[PDB]
């Protein structure tokens, strides 16, 4: 089924509508005339759809008509500009890098009084190490502006300066990136002296991981403990408490983790170490067969998804009742997940007929993937237009559909069919599992690709033997989306294996992550 640009302009803005516009663009079916008013028809004007629309109607990067005159000057003529213009252009470190030293000296004097931030950056670029100058001034705004201009600057930072960095918005991304990418060793070492009192949440957690990479177990514990107290989400507290336990072995930390309301690999593992029973899994078995809702209409999903996410408790009860059927099971569970404020464990097995002939281990891996990929929503579409329950990228759906399986009249929209999503999932998982073995490694490869995963596993510091392995390697997976994905799919895998009467101890999975 196709949609002309004119039928799509009549639908609500949504990722479904973006997907179908992008499909017209990649087939060259959007004329220059069709492309005129088309910005106002796009839900998320980012990535492929934007670079594709800009091949037709290039945009000039809007500069505020207020400062338009300020962008007629260059480094050769900036001294002929009024003071407002001078200060605007000096927002760019590249512009500053481009000026000659004499003009940097001049502008530094102009701005010493009302803008010492600018004076500091101008005089810093008159030296061969701008970072060393900014660090000596303990200018925090300047530090992050330089870091963002170039990652290559690296210097030791003293205790007074590191303890100021966390008060700035940039700190979280800065800490996450240098620790996970293993860049800026002098920055990394310096961050050992951050007082756990001056950090919280993700920044506290990554500083714990940092402290472990230097075998500073006392500092790591203090950071993870501050992470555990401050984190909003129970899943992240559990991750932090797991590290407090693994470092200092207080049996109270392990008890608190085994009693967690969050079902995740850390609480599952703690329950197994304390002989605590498996957590309660909800049984969803609606008597009603189907309803008037089309589970194959991607537009219908985007509309009802928006409704559900914006529903008061009362509206959730009306929706719970409409969607309490076997054909709309995945939407029922989505509504109940919200209606019970994410307190109950829902692990549905919808369109089960399509997978009952696979062995129970494979069933559990497929179900684990689909639950995290889509929550079993057949017309699920990602911001990168991954499609259906198993979230295939088009290139991959088409490679399997046309080139490998030669399905007649194949279209990538077939990924919206449960029969197809499950079938393609099985096929793709066979390819990944034959090369990778561990379901955690398959999870990384499924989300981030097998190239990425082979490159990570080849490193001699990832998933090798060590004190805190394999748990530390799972915190050092370089692509964040893939690091979170693996943990979540692993937990899902453990649960589905349990529901299918094919239980495995998560301790066996952790042992098989270490390469012997």
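Just so we're on the same page, rigid core means the largest C-alpha set that superposes within 1.5 Å between forms. Numbering follows the first chain given and starts at 1.
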Out of 57 to 65 and 469 to 477, which shows the greater rigid core-aligned C-alpha deviation in 9 other deposited structures of this protein? 57 to 65
Returned stretch for higher CA RMS in 9 other deposited structures of this protein, core superposition, given 310 to 318 and 243 to 251, is 310 to 318
Using only C-alpha atoms and the B-factors in the entry, which stretch averages higher, 345 to 353 or 262 to 270? 345 to 353
Using only C-alpha atoms and the B-factors in the entry, which stretch averages higher, 392 to 400 or 198 to 206? 392 to 400
So if I compare the CA B-factors in the entry for 450, 491, 56, 476, which one is the largest? 56
Quick one: which of 188, 371, 232, 428 shows the highest Cα temperature factor in the PDB entry? 232
Residue 469: CA B-factor among chain residues, third -> lowest
Taking the C-alpha B-factors as the PDB entry records them, is residue 247 in the lowest, middle or highest third of its chain? middle
Of the three thirds of its chain by CA temperature factor, lowest, middle or highest, which one includes residue 363? middle
Consider only the C-alpha atoms of the modelled residues in this chain, order them by B-factor as the entry records it, and name the third containing residue 103: lowest, middle or highest. middle
By its CA B factor, does residue 63 count among the lowest, middle or highest third of the modelled residues in the chain? highest
